[PDB]
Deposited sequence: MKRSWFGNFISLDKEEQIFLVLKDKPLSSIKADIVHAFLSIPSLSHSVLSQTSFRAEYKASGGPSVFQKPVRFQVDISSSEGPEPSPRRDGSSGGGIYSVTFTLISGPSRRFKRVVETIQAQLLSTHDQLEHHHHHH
């Protein structure tokens, strides 16, 4: 029972030891839905994009968070959260919410 969470810069990784790929896909999509103001799109059988609109604002400096999620195998699995645009700090809270669903078994 390993999960490992690496908050590198503008990329956050999650490494998972015994969770099947279907279950990871399910958990991520559940999380996308559950977060309100977050809409997503399917980029491929194992990657996603996502826009978190709530951090936006009237100003050009209040931008929504756009990020990408990629799942990769070796086995063991990794989920990469990659920031495309928007505030770094609200990126981490969205990603945290997402990793949280990814721990439930």
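J.: Where does the model skip over parts of the deposited sequence?
T.: Going by the record, the segments left unmodelled (no C-alpha atoms) fall at 1-6, 81-95, 127-137.
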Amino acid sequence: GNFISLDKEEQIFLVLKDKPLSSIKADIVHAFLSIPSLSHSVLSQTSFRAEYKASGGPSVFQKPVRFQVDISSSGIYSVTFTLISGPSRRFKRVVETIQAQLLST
From here on, numbers count along this sequence of modelled residues.
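J.: When the C-alpha temperature factors are averaged for each of 39-47 and 52-60, which stretch ends up with the higher value in the entry?
T.: Mean CA B-factor is higher for 52-60.
J.: Between 76-84 and 29-37, which has the larger average Cα B-factor in the PDB entry?
T.: Averaging CA B-factors over each stretch, the winner is 29-37.
J.: Would you please rank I98 by its C-alpha temperature factor against the other modelled residues of its chain and give the third it falls in: lowest, middle or highest?
T.: Bottom third by C-alpha B-factor.
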